[PDB]
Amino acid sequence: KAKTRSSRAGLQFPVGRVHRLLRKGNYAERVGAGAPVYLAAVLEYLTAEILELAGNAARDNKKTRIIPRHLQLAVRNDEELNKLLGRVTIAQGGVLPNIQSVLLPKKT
């Protein structure tokens, strides 16, 4: 019986897969043992953060299956996530509803 590294780290994400990708990505001569652990953690955290928000938009639209629109909504509606992905395009995500005041009719 052998315990996986993700397991030793209390993580859902692949410490092993990541450690491996760090080597083939050739970002340095060697990759310390903590690197993959820490990174996977961060990666797992971030995807959880967005999924929390996405699933909510899904909720707000009486939907059960998250779709890109939800992801887009999740992101452009969150300050930091929006900043973090400021130069990123989510296919089939549309845009956030927003209209400039001067374009609305009347007064008062």
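Residue numbers run from 1 along the displayed sequence.
85-93 and 13-21 differ in mean CA B-factor, and the higher of the two is recorded for 13-21. Stretches 49-57 and 25-33 differ in mean CA B factor, with 25-33 having the higher one.
When all modelled residues of the chain are sorted by CA temperature factor, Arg76 is found within the middle third.
Per the PDB record, residue ranking by Cα B-factor puts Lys63 in the lowest third of the chain.
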